[PDB]
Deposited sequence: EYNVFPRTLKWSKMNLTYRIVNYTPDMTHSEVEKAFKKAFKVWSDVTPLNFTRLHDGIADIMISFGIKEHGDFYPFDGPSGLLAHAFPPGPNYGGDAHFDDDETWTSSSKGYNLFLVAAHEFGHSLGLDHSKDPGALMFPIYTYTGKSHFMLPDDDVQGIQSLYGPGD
């Protein structure tokens, strides 16, 4: 397919844009899930994320079905859930979510917040973790917790790129 890589962004302040919304969730729920997903990474780095409402941002977020632009098509219900590109121009940093999945803010289907937090990891330069319990593990696992703690494997990875936070 169409691919972009660099190890990391050369700046600490990044922009994102929610291009379109899944019908499974409300605009407010989708916006909250993505905002928390960026918070996972800005809590432990100097990274900052600013949301844009039009134009082109560093991280363009969109929901698509099957072939959607990059010739890495989705596969319908289940299987591939999402993917994202490493840092760089154009597609670099972008996050794609398969809208053939039922996206929820809870546990009914696939948790948008969890998947997005993982993909934004990739958008920042992270690879997959060899640890099945790390966020960046490629297999989707639902936690069932009323909160999310970013595992240490994921903190060390993102801090090796951008350094620590507060």
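Should a student be asked to find the unmodelled regions, what ranges of the deposited sequence would be the right answer here?
Model skips only 5-6 of the deposited chain.
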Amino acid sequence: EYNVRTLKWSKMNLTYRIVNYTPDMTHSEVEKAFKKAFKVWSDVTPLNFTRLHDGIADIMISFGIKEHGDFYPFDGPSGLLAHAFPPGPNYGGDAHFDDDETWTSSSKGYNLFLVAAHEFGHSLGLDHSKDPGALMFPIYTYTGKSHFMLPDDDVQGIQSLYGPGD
From here on, numbers count along this sequence of modelled residues.
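Take the two forms, find the largest set of C-alpha atoms that superpose within 1.5 Å, and that set is the rigid core.
Which of these two stretches, 65-73 or 42-50, has the larger RMS Cα offset in 6 other deposited structures of this protein when the rigid core is kept aligned?
Farther from the shown form on average in 6 other deposited structures of this protein: 65-73.
Can you tell me whether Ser146 lacks a model in a third or more of the other compared entries?
Yes.
May I ask you to compare 151-159 and 21-29 by their mean CA B factor in the entry and name the higher one?
Mean B over CA atoms: larger for 21-29.
Which is higher on mean Cα B factor in this entry, 122-130 or 109-117?
In the deposited entry, the stretch with the higher C-alpha B-factor mean is 109-117.
Using only modelled residues of the chain, where does the Cα B factor of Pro46 rank: lowest third, middle third or highest third?
Middle third of the chain for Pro46's C-alpha B-factor.
Ranking the modelled residues of this chain by C-alpha B-factor as given in the entry, is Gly79 in the lowest, middle or highest third?
Middle third of the chain for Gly79's C-alpha B-factor.
For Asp99, does the deposited CA B-factor place it in the lowest, middle or highest third of the chain?
Highest third of the chain for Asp99's C-alpha B-factor.
Comparing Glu67 with the other modelled residues of its chain, is its CA B-factor in the lowest, middle or highest third?
According to the entry, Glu67 has a C-alpha B-factor in the chain's middle third.
State the tercile, meaning the lowest, middle or highest third, of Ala57 with respect to the CA B-factors recorded for its chain.
Middle third of the chain for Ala57's C-alpha B-factor.
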